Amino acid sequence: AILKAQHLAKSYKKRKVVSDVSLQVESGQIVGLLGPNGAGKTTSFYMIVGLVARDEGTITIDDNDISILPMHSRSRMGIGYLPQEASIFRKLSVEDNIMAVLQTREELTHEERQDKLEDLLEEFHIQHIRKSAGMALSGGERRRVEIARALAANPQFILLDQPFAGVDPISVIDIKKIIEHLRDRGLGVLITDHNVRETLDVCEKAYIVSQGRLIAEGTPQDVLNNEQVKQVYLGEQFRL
């Protein structure tokens, strides 16, 4: 129930991209990882996710080291990942999407798998598109189906890459409401984005990476008033 990251560092072409980043996400908590664009936030996020091999530091869930571990094993430890890009199974139905992931849980009987299918369909209100192929779905329904597919692996943490990018304002409230539904489910949500305003409006803790290292942490009110943050990231006047 605690996903910890301690002193991460990664270099590229003999230049250090992330120097020192640390963060922690708890069950029941929504945590954003923000900061200047290209400053280090994204690489750190991917180092927790497993898409980037860390050069230094430790990634931890309940005092368990998942640094040297590939991505499928980090998932077996309780880490979910939703990519920014569309990752739904295009030529598969919504039903088969979720069932495809329930089938990778060998401890589940067939009856259990179908019970969870029914529950996940009804939970995220996608019963009516259960027969639809993935490629036939609008953006909001696609993301709802991709959320339920992720939860079919039973994760403890959900890592969302850029869940607000290119999203209409009438849809931001609905994404936040889904974020908050994950949090009230027990998950630990870690969100990385460039939309500061929406992310600070949903998250209860925020971390800020700039010039390659952590420069601020705490609640959104706390980070909005940090001097270095306003000097390199938000500016003198930043409307929330």
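Residue numbers run from 1 along the displayed sequence.
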query: Mean C-alpha B-factor comparison - 186-194 and 58-66, higher one; finding: 58-66
query: Given 78-86 and 145-153, the range whose Cα B-factors average higher in the PDB entry; finding: 78-86
query: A100, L120, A133, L108, ranked by C-alpha B-factor: the highest one; finding: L108
query: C203 by Cα B-factor - lowest, middle or highest third of the modelled chain; finding: highest
query: Where the record places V167 (Cα B-factor, split into thirds across the chain); finding: highest
query: For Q114, the third of its chain into which the C-alpha B factor falls; finding: middle
query: Third of chain Cα B-factors occupied by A39; finding: highest
query: Chain-wide C-alpha B factor ranking for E26, given as lowest, middle or highest third; finding: middle
